[PDB]
6 protein chains.
Amino acid sequence: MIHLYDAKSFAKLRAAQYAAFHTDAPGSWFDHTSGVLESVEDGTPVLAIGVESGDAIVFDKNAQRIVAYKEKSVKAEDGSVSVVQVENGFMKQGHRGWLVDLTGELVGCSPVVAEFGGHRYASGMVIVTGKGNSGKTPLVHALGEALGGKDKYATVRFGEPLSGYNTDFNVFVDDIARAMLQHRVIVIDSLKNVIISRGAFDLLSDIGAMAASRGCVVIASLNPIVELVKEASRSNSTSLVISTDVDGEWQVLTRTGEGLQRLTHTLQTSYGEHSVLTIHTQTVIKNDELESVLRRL
Amino acid sequence: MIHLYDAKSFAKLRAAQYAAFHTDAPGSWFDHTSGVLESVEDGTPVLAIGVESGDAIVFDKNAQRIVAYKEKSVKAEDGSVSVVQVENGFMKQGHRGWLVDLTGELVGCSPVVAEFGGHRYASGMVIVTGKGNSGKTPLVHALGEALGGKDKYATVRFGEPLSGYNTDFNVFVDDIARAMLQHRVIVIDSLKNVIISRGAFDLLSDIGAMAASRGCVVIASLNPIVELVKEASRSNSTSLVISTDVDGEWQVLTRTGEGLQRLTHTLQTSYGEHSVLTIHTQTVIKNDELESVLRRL
Amino acid sequence: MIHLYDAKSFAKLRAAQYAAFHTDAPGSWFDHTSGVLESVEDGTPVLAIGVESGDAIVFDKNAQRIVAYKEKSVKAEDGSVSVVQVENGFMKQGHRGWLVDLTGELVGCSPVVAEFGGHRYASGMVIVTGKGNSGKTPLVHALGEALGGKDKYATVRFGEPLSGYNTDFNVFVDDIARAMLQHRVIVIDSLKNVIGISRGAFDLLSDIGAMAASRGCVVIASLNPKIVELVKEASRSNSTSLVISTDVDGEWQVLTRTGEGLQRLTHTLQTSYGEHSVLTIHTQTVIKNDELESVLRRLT
Amino acid sequence: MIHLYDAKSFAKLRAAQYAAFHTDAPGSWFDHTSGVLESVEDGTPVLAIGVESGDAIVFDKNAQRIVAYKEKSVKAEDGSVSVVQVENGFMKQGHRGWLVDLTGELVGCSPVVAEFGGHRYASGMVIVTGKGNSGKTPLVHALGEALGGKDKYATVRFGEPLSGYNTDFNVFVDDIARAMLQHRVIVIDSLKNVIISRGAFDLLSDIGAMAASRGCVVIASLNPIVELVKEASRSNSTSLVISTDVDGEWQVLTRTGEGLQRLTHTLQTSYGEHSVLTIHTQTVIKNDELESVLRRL
Amino acid sequence: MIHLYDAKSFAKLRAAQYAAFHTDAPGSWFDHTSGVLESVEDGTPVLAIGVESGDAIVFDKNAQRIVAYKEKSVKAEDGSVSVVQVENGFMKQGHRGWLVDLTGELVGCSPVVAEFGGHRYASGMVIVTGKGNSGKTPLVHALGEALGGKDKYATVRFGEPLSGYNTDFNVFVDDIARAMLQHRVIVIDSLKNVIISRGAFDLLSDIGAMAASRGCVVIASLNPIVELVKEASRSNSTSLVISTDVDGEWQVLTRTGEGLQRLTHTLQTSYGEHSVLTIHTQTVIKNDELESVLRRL
Amino acid sequence: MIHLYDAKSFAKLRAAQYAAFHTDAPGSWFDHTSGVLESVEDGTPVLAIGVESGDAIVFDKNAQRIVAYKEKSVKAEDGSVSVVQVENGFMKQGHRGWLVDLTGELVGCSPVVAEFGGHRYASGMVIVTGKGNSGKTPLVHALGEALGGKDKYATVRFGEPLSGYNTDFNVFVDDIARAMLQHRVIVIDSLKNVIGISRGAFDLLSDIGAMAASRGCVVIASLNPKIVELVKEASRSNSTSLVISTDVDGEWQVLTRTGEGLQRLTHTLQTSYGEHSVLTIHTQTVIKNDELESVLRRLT
Ligand SMILES: O=c1ccn([C@@H]2O[C@H](COP(=O)(O)OP(=O)(O)OP(=O)(O)O)[C@@H](O)[C@H]2O)c(=O)[nH]1
Ligand SMILES: O=c1ccn([C@@H]2O[C@H](COP(=O)(O)OP(=O)(O)OP(=O)(O)O)[C@@H](O)[C@H]2O)c(=O)[nH]1
Ligand SMILES: O=c1ccn([C@@H]2O[C@H](COP(=O)(O)OP(=O)(O)OP(=O)(O)O)[C@@H](O)[C@H]2O)c(=O)[nH]1
Ligand SMILES: O=c1ccn([C@@H]2O[C@H](COP(=O)(O)OP(=O)(O)OP(=O)(O)O)[C@@H](O)[C@H]2O)c(=O)[nH]1
Ligand SMILES: O=c1ccn([C@@H]2O[C@H](COP(=O)(O)OP(=O)(O)OP(=O)(O)O)[C@@H](O)[C@H]2O)c(=O)[nH]1
Ligand SMILES: O=c1ccn([C@@H]2O[C@H](COP(=O)(O)OP(=O)(O)OP(=O)(O)O)[C@@H](O)[C@H]2O)c(=O)[nH]1
């Protein structure tokens, strides 16, 4: 919805956004939105996501697809009306994204998803990319385990020429929807085949906001069309993890919230048995330095 | 409609257009059009805006969407007939833009929306853009608060990978329509995802004229496809706010009206707590200097 | 229709075309076609113009849109049949352009629309363009007033981010149709969004010059310069005349196609601003194709 | 249809093709095909031509459009079956081009259309083009009158911003069809707007063969997308008339028949009153010289 | 169908493929497939070819088009089922190409079509192309007569601005189908207008295999979009005849079979009366030399 | 489906993936999936593959096409529901790929298909490509025979101008589906016309590697190099292994993805021709991403 501000309410918002990353208990936002989803009446649509054609499929709180849902309208606080209708397995009225309010007035956050190695990590979409010899697949799994912490991480597999990999985009969005509905830490391997269908364009534009609203992190590998990789990394990701000149070393660049500073830190990594990667255990980065990082792609 | 002029009536028009920016009380036009909208008979369509497909949705004076409206014709002063019909939630007959006359003979104005720091600002669309380290999001919010003055400004959020951000274009145009119907100062963060669908093309072509007719200002962030950013900044904006070589410094370029001089002034800014930006408190700019400014993108 | 010529009838045509620009009373063609339109029986379609989709809408002599019109055929002199039918507000049979004969055998003219400052100006479409600091909007209004003379000029506004500007293409073509049906001197500000492409926009660029020249009205259209080459081609091939800014501030070059197969003429305009940016225009030489291309190169 | 040859029948064909340009009385082929068309039973389709959409409209021998025609099949000499059906003003079955046989075994000719100034000119399509100051419109009319000889030439006007010019492609193809059905010498001013719709592509590919089969000449002005002008001039024209370095001077390049030599000669011209051009009163040209000529465009 | 091999059966296949070009009596394959076609039961579809739209038309053994054919299934040796159905003059079920088995296990051949001047020539598609002054049209007719030998060659004419030339693609594919059904040596003048519709793409991809399966040769002129000419010449042709630096001289490059060596030889030619060309009466060429030849286009 | 991991279960997966290439008996995965397919109830859809239009056709375990199949749902372990429905010969509900579970928890493998000349070879798709004089067609047949071992290899022929070659894409996908359903070693000659693009062709390039790796069969496809970059990306991202010609005639480099997140391995092949162009292949080192890109650069 739209929000109105004066100087005082705006300052309060920025303080709350800052807290949502810097001082909230890691993973608190995820637990909060889990409660909101759990409170939703049975059969109510909670999430719509685009399929390959640009139509949208709709899910309930238990990640079960809704095939039929009678037109139903809800008036928001700002006066806007949201309508939802599902017919023959597809959204007839509504919008892509969360169909229930997970955020309220607290918008524009990068809710802290986890803390690891003395660094806080944001929810939203994290694109893992770069050139050179440092492998992306081992990194995304290492990050998934690390941010998972006490919890297991969920793996969505797509579009690689290996056993058991789904290559159908419509199954992919079903997997992603279920993952975000049920898990705080999600790995996607890989985004190569989405990088173009209306569904693929929708996914790139929608997923970061979907994840940040939920308070889950989606860690997606993307091997570098090159300008679309750059723009997805620049504008569609909440955080970026990019390989450097030095083997095993990665740079993490985090958007900490709406209008807030982008932060950076470095990761050192090494391989153990069967290529299992281990990540070893604040500085601001400006826009010109950010573009300098993107040039390496 | 079409308008006829001789030398004397043309000179009168230019004098009135000049006054609409330079000497009218700031925000007076907005208050005038609010009165016009308030005088509209119950149920009457007042605004049509394009959705993603290129179809148009229609709103009444209270920013409520009209789903059904029997064909109704109105003869204008020049002899032209405007017809409006709405069926199944979509415009069947009519045009995009204001469906009631807010302007009359007084067309081609950039009605003054506010005065701040000794400078007058125009209604219409203001694109906030540029390269370098000066942040666009903090600027648009600072400008929104400043031009809001005694009034709160409205924030429309779109297409960023942060919590609570809508990423569905059809919700976006609903938000924008409501904002322009109800508020003098509007911030859009951001225009990145519109920059292509018929709806997106319609919005870029329509919004400046819609806002200027209302006397509201739409302050839109746009991070630089590059030629589309240049043309939107060159030809679709009433004013442009562009970052400079010096950190914190911005140049404001204002179209003051039809056939009138483009003016320029500079803004100095600084950050306080939680990245809240403060803007610190006539010279003509020619077309070649304007192009020189656009080259920096 | 098609026309047949031998040496003698061709020479006569060229003499008549030459006269239509050089010696006819300025604005005489417009008055003639006004009479033709006024003589048309009530309810008869006179003009069809393309909307955004590429369908065509149809107008009667009073610039009122025709919604329903039973199929009706007319056999021309060359043996061809023109059919007109309108159903549900759209042309079902017919063609874009004038649906009644305004011209007869006298085709390929640039009928003189006005004389100002010792120069004759052609009807048809005039594109006002160029680079540099000389403003196009003040020029089109100055030219509109000047060629209007004793008469007011009509202003069609389209696609600028200013108060009261229509930005819907289908309203735009309605405005243009009405303007050409009712006025000799017409200003369009601006053509930017038509060049910004729909079938309707393509139709308009291809149709408007011939429509205006047939009527004997002048359409003075501002156009600020893939896209640049379309501005060049519209200026090169879709305009009856071109007014282009020069190196010197306030100075413009007017390039006029005087008729079918006839010489393109050129002259210069000097201008200055008064109060509230009102521009005043201050008061024969042939230009060849290579010089014409040299002028178009400046649009880069 | 398909034709079978051995050495002896092939040599006979080449001799007949050579004669069709070099020794037949100028305009004889046109008179022959006029007789063939005149012999066609009343109401029979004789010519189909593409409209803008790529559908085809159909004409009888009197250049009257056929709106309804019951399916009718004709078996050719080679065993092939040609079917023709027209429904609701459009071809339902058939092909673009001549729907009756004007040529028989005598195919691949450039039938002589006229002789002027000691040079024979071919029927088919003649593209008049080039750069520089020599005007194309005066040339096409001068050539039309000259090749017309004792007969008037027909003028088809299209796509110029001058009084009485048709700009609707579907009227254009109607004009062209009627012209070719009724006249030996035809001028088109101009081909600029065809140079893209399916109809325009069809016309460029069809018109030369249509005209050569009839024995009429279509003299078309084409101002130079540039590569499409080159290919139309190279491959879609029976003859080319191109301006040179010297003002008033033109080069005529003629395909004299299937597998036969391309010939060249020069024209000198001058203007009289009201820009009426007068043309003042064998050498082979090879493919490399032909390409050299096309480079000048 | 699919075929299974071990070392011994593979070696046998390669020996048979080698023989099909090098040692079989010239034209023997054509006579064999004529027998196969003649043995087909009355009314049975034997050949399907794509029309402009990408639909397919269907022919019987007598080159008569089939308009209606009830669904009929045939189980192949590998277990696959081929179904054929024709409705309203178009293929409803089936595939493009030969609808009866002309080859059996003997696949991947370039069956010898003729011997002339001490050189064997392959069936399939021969593209005649190149730059320079050597004419393609006279060459294709000279080659047609020469390879025809005791038999007349068939000429398919398409897309040139000369008398009697068909320019409608759907008539073109009808001509080609009939030619391949009834004649061993076929000339196409020319392929310029096919070089894009689905039908044109189908034809370029299908014709070589169609011709090689039949044992007929299709000799097609193609004047050089340039990369499409290169790829058609590189990958869609069984043999290539390309002009050289020396006037009248041509290089013939022949694919002799699946996985077999490409051979080359040179032709010398001269003109007699009315431009009738006479061709005057083993060395391997590698891929790098082949690309060197293609660069000349 | 989605899979959940902690450190311990992830380490177990990587160990199992490593084993699936390095230590499992060659061809064991193929035999396992043959058993799974054989156990499927009569009439059950097992494989869906895209036709030219982007619709999908569906096959049973005997490689017979299914024309009609009533909607049928199956709930997976992760909670997801897979639905399959076939109407009028086309998939109405379902997904492209294997419609029965051949893999279970054991995903992301490159199951060893064969061992030859002291080297293990992966199932999945192998693209055979490169520039220079070394012929691709003889190589794919030599590799087919070699990896076939005791078994014959299947040859799918497509899009070459030679006798008996199918050139219809929909027949091609039928051939490929049958081949993967019935044979461990498959040769495709050639992929040129799929790269020559339809939705079906795009689907095939994106689907075939995963289909083959899931089955444990190897698809050995020749591909001769806008278009060049698509050959590079297909070779880079759509292939389980790559066999590319080198500077030296007869010599090839084999680059193998050994599994999800595992090392890419490389070795060289020497070859020579016998009679009638029959090629014979004569009888671990890791390759990094920068070296891999260096190899791909040679395709220009
Ligand atoms: O022990 C190992 C294993 C793997 N790797 C390296 O990590 C990579 C992980 O395996 P991938 O094949 O997934 O590579 P990637 O994610 O970097 O890029 P794509 O191929 O998916 O586009 C492998 O390509 C390998 O080079 C190591 O450096 N050490
Ligand atoms: O205290 C602060 C906070 C923020 N900033 C700067 O302001 C920017 C505002 O945050 P954004 O991430 O919105 O940057 P932006 O609007 O310029 O561009 P997008 O990424 O949205 O396209 C941040 O990127 C940061 O560099 C400061 O300079 N100081
Ligand atoms: O007094 C004046 C007023 C205006 N001008 C100049 O005339 C121009 C007329 O006003 P516009 O803003 O319309 O500029 P334009 O027509 O040249 O081009 P667009 O922006 O419409 O594409 C303005 O851009 C201004 O620079 C003057 O030179 N002096
Ligand atoms: O007496 C004359 C008349 C005309 N001309 C020249 O002949 C041309 C014929 O008039 P056009 O305007 O038709 O020029 P064109 O055919 O060469 O090219 P387009 O403008 O149609 O694209 C004119 O443009 C003029 O330059 C002369 O050289 N002498
Ligand atoms: O006696 C002759 C006749 C013809 N020729 C040459 O042979 C060519 C055959 O006539 P074409 O015009 O068909 O040339 P082409 O096939 O090479 O190319 P297209 O224009 O058809 O695309 C002619 O262009 C001519 O140059 C001779 O060298 N000597
Ligand atoms: O004995 C032989 C036979 C064949 N070859 C070489 O092997 C190649 C195999 O025959 P192909 O003609 O199939 O070549 P290719 O597979 O390399 O590429 P495409 O043409 O299919 O795109 C032939 O091109 C030939 O040069 C030899 O080097 N020696």
Side-chain angles (χ1 to χ4, degrees), chain B residues 108 234-235 255-262 284-287 289-290, chain C residues 108 128 130 132-140 160 162 189-190 192 222-225 236-237 245 249-250 257-264 273-279 286-289 291-292, chain D residues 128 130 133-140 160 162 189-190 192 221-224 243 247-248 271-277, chain E residues 108 234-235 255-262 284-287 289-290, chain F residues 128 130 132-140 160 162 189-190 192 222-225 245 249-250 273-279:
Chain B
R234 183 189 292 102
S235 65
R255 296 180 65 172
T256 60
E258 174 179 276
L260 304 184
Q261 294 179 308
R262 194 189 270 273
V284 302
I285 187 162
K286 310 216 200 86
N287 299 165
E289 293 168 307
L290 187 263
Chain C
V128 177
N133 295 332
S134 297
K136 286 58 174 260
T137 289
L139 195 284
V140 299
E160 298 287 313
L162 301 170
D189 200 1
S190 91
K192 258 200 213 161
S222 57
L223 178 49
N224 248 99
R236 183 189 292 102
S237 65
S245 53
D249 292 336
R257 296 180 65 172
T258 60
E260 174 179 276
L262 305 184
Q263 294 179 308
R264 194 189 270 273
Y273 288 101
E275 201 173 332
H276 303 127
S277 310
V278 174
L279 194 79
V286 302
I287 187 162
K288 310 216 200 86
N289 299 165
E291 293 168 306
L292 187 264
Chain D
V128 177
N133 295 332
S134 297
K136 286 58 174 260
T137 289
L139 195 284
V140 299
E160 298 287 314
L162 301 170
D189 199 1
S190 91
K192 260 191 290 307
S221 57
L222 178 48
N223 248 99
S243 54
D247 293 336
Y271 288 100
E273 202 173 331
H274 303 127
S275 310
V276 174
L277 194 79
Chain E
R234 183 189 292 102
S235 65
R255 296 180 65 172
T256 60
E258 174 179 276
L260 304 184
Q261 294 179 308
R262 194 189 270 273
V284 302
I285 187 162
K286 310 216 200 86
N287 299 165
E289 293 168 307
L290 187 263
Chain F
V128 177
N133 295 332
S134 297
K136 286 58 174 260
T137 289
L139 195 284
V140 299
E160 298 287 313
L162 301 170
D189 200 1
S190 91
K192 258 200 213 161
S222 57
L223 178 49
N224 248 99
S245 53
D249 292 336
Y273 288 101
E275 201 173 332
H276 303 127
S277 310
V278 174
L279 194 79

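Atoms within a ligand are numbered from 1 in the order they appear, just like the ligands themselves. Worth knowing before you read on, the calculation uses all heavy atoms, side chains too, and leaves out hydrogens, waters and symmetry mates. Quick note on labels: first sequence line is chain A, next is B, and so on, each numbered from 1.
D/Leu139 and D/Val128 get closest at one heavy-atom pair: CD1-CG1, 3.8 Å. The shortest heavy-atom contact between D/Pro138 and D/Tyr271 is CG-OH, 3.5 Å.
Taking a 4.0 Å cut-off on heavy atoms, D/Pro138 registers as neighbouring ligand 4. The shell of residues lying under 4.0 angstrom from ligand 3, judged by heavy atoms, excludes B/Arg262. Ligand 6 is never approached by F/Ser222 to a heavy-atom distance shorter than 4.0 Å. The closest approach between any non-hydrogen atom of C/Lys192 and ligand 3 is below 4.0 Å. Contact between C/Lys288 and ligand 4 is absent, with no heavy atom of the residue lying under 4.0 Å from the ligand.
Looking at C/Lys136, its side chain never comes within 3.5 Å of a backbone N or O of C/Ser245 through a donor-acceptor pair.
Of all atoms in ligand 3, numbered sequentially from 1 with element shown, those under 4.0 Å from a heavy atom of B/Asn287 are 17 (O), 24 (O), 26 (O). Here is the list of ligand 4 atoms found below 4.0 Å of a heavy atom in D/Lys136: 15 (P), 16 (O), 17 (O). Shown in contact with D/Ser275 at under 4.0 Å from a heavy atom are these atoms of ligand 4, numbered in order with element: 1 (O), 2 (C), 3 (C).
Taking CZ of E/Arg234 as the start and CG of E/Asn287 as the end, the distance is 10.5 Å to the nearest 0.5 Å. Note that the CG atom of D/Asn133 and the CD atom of C/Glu291 stand 7.0 Å from one another [nearest 0.5 Å]. Here the NZ-CD distance, from E/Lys286 to E/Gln261, works out to 10.0 Å after rounding to the nearest 0.5 Å. Here the OG1 atom belonging to F/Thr137 is positioned 6.5 Å from the CD atom belonging to E/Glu258, to the nearest 0.5 angstrom. Between the OG atom in C/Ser222 and the NZ atom in C/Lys192 there is a gap of 8.5 Å [rounded to 0.5 Å].
Both the backbone and the side chain of F/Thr137 come within 4.0 Å of ligand 6, judged by heavy-atom distances. Only the backbone of B/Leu260 comes within 4.0 Å of ligand 3, judged by heavy-atom distances.
For atom 18 (O) of ligand 6, a protein heavy-atom neighbour is present inside the 4.0 Å cut-off. Per-atom contact check: atom 14 (O) of ligand 4 does not touch the protein, criterion being a heavy-atom distance below 4.0 Å.
Looking at C/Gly135, C/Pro225, B/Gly259 and measuring to atom 7 (O) of ligand 3, the nearest heavy atom belongs to C/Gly135.
The closest protein non-hydrogen atom to atom 21 (O) of ligand 6 is F/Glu160 OE1, 3.8 Å. Among protein heavy atoms, the minimum distance from atom 6 (C) of ligand 6 is reached at F/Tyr273 OH, 3.9 Å. In terms of protein heavy-atom proximity, atom 12 (O) of ligand 6 is nearest to E/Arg255 NH2, 3.6 Å.
In this structure, a donor-acceptor pair under 3.5 Å is present between the side chains of D/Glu160 and D/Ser190.
Ligand 4 has an N or O atom lying under 3.5 Å from an N or O atom of D/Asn223, backbone or side chain.
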